[PDB]
Structure formats: C-alpha cells, structure tokens
Amino acid sequence: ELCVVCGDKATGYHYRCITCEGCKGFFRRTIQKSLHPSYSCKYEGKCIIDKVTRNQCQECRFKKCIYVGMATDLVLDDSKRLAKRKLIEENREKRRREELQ
Amino acid sequence: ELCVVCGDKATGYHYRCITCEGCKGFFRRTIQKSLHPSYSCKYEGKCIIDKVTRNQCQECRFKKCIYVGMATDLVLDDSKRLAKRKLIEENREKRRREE
DNA sequence: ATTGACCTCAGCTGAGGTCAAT
DNA sequence: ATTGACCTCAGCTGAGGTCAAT
Ligand SMILES: [Zn+2]
Ligand SMILES: [Zn+2]
Ligand SMILES: [Zn+2]
Ligand SMILES: [Zn+2]
C-alpha cells in the first residue's frame with residue numbers, strides 16, 4: 001500500500017520491502033554504483049524522509065532504506081548483472097535462430 | 001511443512017492451503033467432477049484423516065479439506081478449463097514447427 | 001475408477017534497464 | 001548526474017494433466 005521508506009504509493013516488494021518505484025530505483029542505483037559511502041547529511045543524520053523530502057538528503061534516505069530492511073544482497077553485482085544481460089541476449093538469440101530451422 | 005488435511009509432507013500452497021499432492025489432487029478431482037455430494041461416511045462423520053487413513057473415508061477427507069479452508073473457486077470450471085487447454089495447444093504447435 | 005508423484009505451462013513477481021525531466 | 005514512471009523478461013508459483021499402480 002504505502003512505501004515503508006517515504007510513504008507514497010508502493011508498487012509491491014522490492015529488495016524485501018514494500019516500496020515506491022522511487023525508493024526502489026534509489027536503493028538499486030546506490031548499491032549498483034556504490035554511492036552510499038559518499039553520501040553525507042548536511043545536518044543531524046535524522047532528516048525526515050517522506051515523499052516530499054526524500055530528495056532532500058541522500059544519506060538519510062539510504063539509511064532509512066537499510067533500517068526498514070532492504071536487502072543489499074538482492075542487488076546483482078556487475079558480473080551477474082552482465083550475465084543476465086547476456087542470458088537475455090542468448091535467449092533472444094536461441095529464440096531468434098531456433099525459429100528458422 | 002506439513003499438510004493441514006492429513007499431516008504428511010506438504011508441497012506448498014494449493015487452493016489457498018498448505019497441502020500434499022494427494023490432498024491437492026483429491027480436492028481437485030472432487031471439484032472438477034463434482035463428486036462430493038456422492039461421498040458417504042460409513043461411520044460417524046468423524047473419521048481420523050492422517051496420512052495412513054486418508055483413503056479410508058472420502059467424505060471425511062473432503063470435509064476436512066473444506067474445514068481447513070481449501071478454495072473451491074480456485075478450481076477451474078469446464079468453461080475456462082478447456083479454454084486453458086485450447087490456449088496451450090496453439091502454443092505447442094507454433095513452437096513445434098520451429099525448429 | 002481412483003490415487004498421488006511427477007510433469008507442463010500461463011501469468012506473476014520482482015529483478016534490471018530506459019530516458020524525459022530535473 | 002540523478003530521479004522515477006514505465007518498460008522487458010527469467011523464473012517462480014500454483015493451476016491442470018499424465019499414468020503406473022491399485
Ligand atoms: Zn518511497
Ligand atoms: Zn540528513
Ligand atoms: Zn494431505
Ligand atoms: Zn468418515
């Protein structure tokens with residue numbers, strides 16, 4: 001119903017939590033690109049994260065992500081990521097060429 | 001873990017309950033073919049239904065199924081059941097040619 | 001005819017990607 | 001660069017079917 005991180009309309013389970021597309025995208029790219037160590041809260045690390053303020057502070061938005069339990073292990077590392085892309089191309093290959101003899 | 005109907009190894013959800021393949025299949029065909037009205041307990045409708053005695057009393061087995069919550073509506077009626085059949089046949093011939 | 005271990009498969013769920021807007 | 005609404009698609013789930021055994 002409602003994103004556990006920011007509280008706007010959730011789109012289902014993402015990395016083991018009910019979240020909006022926004023918080024899902026954010027968390028995914030934070031882990032994919034390894035951005036969190038470089039996040040920094042300009043004030044007390046206790047920023048309110050709701051849907052109006054969720055872009056006001058990356059550090060606090062990510063911390064709230066980790067807190068509600070989003071699973072960093074469910075974001076594929078780059079090798080697995082590339083394999084998936086390859087597999088998707090091998091299957092758009094297997095289907096593409098198996099459809100012709 | 002364990003079938004809520006008869007108590008042996010469950011294979012996950014079926015018609016909204018944790019059940020074995022046996023109780024799944026039993027409940028499926030009872031509904032598909034509409035058999036339950038014809039099931040009759042030869043003793044008090046209180047037969048123990050566990051994994052050894054489950055084939056001893058169909059009526060008691062089925063009543064258990066309804067009690068634990070198995071969903072009759074999740075069993076396709078002939079209308080949509082042959083509708084699923086037709087859908088699968090088309091796909092098998094399309095994918096069979098190719099190759 | 002009935003049982004149930006084992007199978008196929010449609011459609012869902014939840015991954016990663018895209019790209020107009022910022 | 002970043003965000004997020006919307007996308008494609010592998011693989012899971014849970015229906016129905018099969019068939020050796022009874
Ligand atoms: Zn959110
Ligand atoms: Zn902050
Ligand atoms: Zn059972
Ligand atoms: Zn009985």
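Chain identifiers are assigned alphabetically (A, B, ...) following the order of the sequence lines, protein sequences preceding nucleic acid strands; residue numbering begins at 1 within each chain.
- At D/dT13, none of the side-chain N or O atoms of B/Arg16 fall inside 4.0 Å of OP1 or OP2 (strictly under the cut-off).
- Regarding A/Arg54, its CZ atom lies at a distance of 10 Å from the P atom of D/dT3, rounded to whole Å.
- Taking 4.0 angstrom as the limit, A/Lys51 places none of its side-chain polar atoms (N or O) nearer than this to OP1 or OP2 of D/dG4.
- Within 4.0 Å (heavy atoms only), A/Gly22 reaches sugar-phosphate atoms of the nucleic acid but no base atom.
- Straight-line distance from the CG atom of B/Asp73 to the P atom of D/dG14: 15 Å, rounded to whole Å.
- In terms of the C1'-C2'-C3'-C4' torsion, C/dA10 has a south-puckered sugar. The angle is below zero.
- Under the side-chain contact (heavy atoms from CB on, under 4.5 Å) rule, A/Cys65 has a single partner from A/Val4, A/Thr72, A/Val5, which is A/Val5.
- Using a 4.0 Å cut-off on heavy atoms, the residues of residues 89-101 of chain A that approach DNA chain D are A/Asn91, A/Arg92, A/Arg95, listed by number.
- With B/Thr30 contributing its side chain and B/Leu35 its backbone, the two residues share no donor-acceptor pair below 3.5 Å.
- At distances below 3.5 Å, not a single donor-acceptor pair connects side-chain atoms of B/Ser34 with backbone N or O atoms of B/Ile31.
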Discussion item. Base contacts versus sugar-phosphate-only contacts with protein, heavy atoms under 4.0 Å: please encode nucleotides 16-22 of chain C as B, S and - from 5' to 3'.
Written reply: BBB----
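- Remark: DNA chain C takes part in the stems C:1-22 with D:1-22, each of 3 or more antiparallel Watson-Crick or G-U pairs, criterion distances under 3.5 Å.
- Between A/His14 and A/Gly12, the shortest heavy-atom contact is CD2-O, 3.4 Å.
- Whole-Å rounding puts the B/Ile18 CD1 to D/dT13 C1' distance at 12 Å.
- Between B/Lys80 atom NZ and C/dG11 atom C1' there is a gap of 16 Å when expressed in whole angstrom units.
- The distance between atom CZ of A/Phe27 and atom P of C/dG14, rounded to the nearest whole Å, is 15 Å.
- Sugar pucker annotation for D/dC7: north, assigned from a positive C1'-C2'-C3'-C4' dihedral.
- Aromatic ring centroids of A/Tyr39 and A/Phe26 lie under 6.0 Å apart.
- D/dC6 atom P lies 14 Å from atom NZ of A/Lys9, rounded to whole Å.
- Atom CD of A/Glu59 and atom P of D/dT2 are 16 Å apart (whole Å).
- Ion pairing between A/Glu59 and A/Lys42 fails under the 4.0 Å rule for side-chain N and carboxylate O.
- At a threshold of 4.0 Å, the pair A/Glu98-A/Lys94 does not count as salt-bridged, since none of the basic side-chain nitrogens sits closer than that to a carboxylate oxygen.
- Of the charged side-chain nitrogens involved, none lies within less than 4.0 Å of a carboxylate oxygen, so that B/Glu89 and B/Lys86 do not count as a salt-bridged pair.
- Under the 4.0 Å criterion applied to side-chain N and carboxylate O atoms, B/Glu93 and B/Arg96 are not assigned as salt-bridge partners.
- Using a 4.0 Å heavy-atom criterion, one finds that B/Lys33 contacts the sugar-phosphate atoms exclusively.
- Between B/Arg95 and A/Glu99, none of the side-chain N atoms (NZ, or NE/NH1/NH2) sits under 4.0 Å from a carboxylate O, so this pair counts as no salt bridge.
- In terms of position on DNA chain C, the residue among B/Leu87 and A/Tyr13 whose nearest nucleotide sits closer to the 5' end is B/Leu87.
- In this structure, the CZ atom of A/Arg61 is 13 Å from the P atom of D/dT2, given to the nearest Å.
- When atom types are taken as modelled, the side chain of A/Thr11 and the backbone of A/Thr19 share a donor-acceptor pair closer than 3.5 angstrom.
- Both A/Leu74 and A/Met70 belong to a single network of hydrophobic side chains, linked directly or stepwise wherever heavy atoms of I, L, V, M, F, W or Y lie under 4.5 Å apart.
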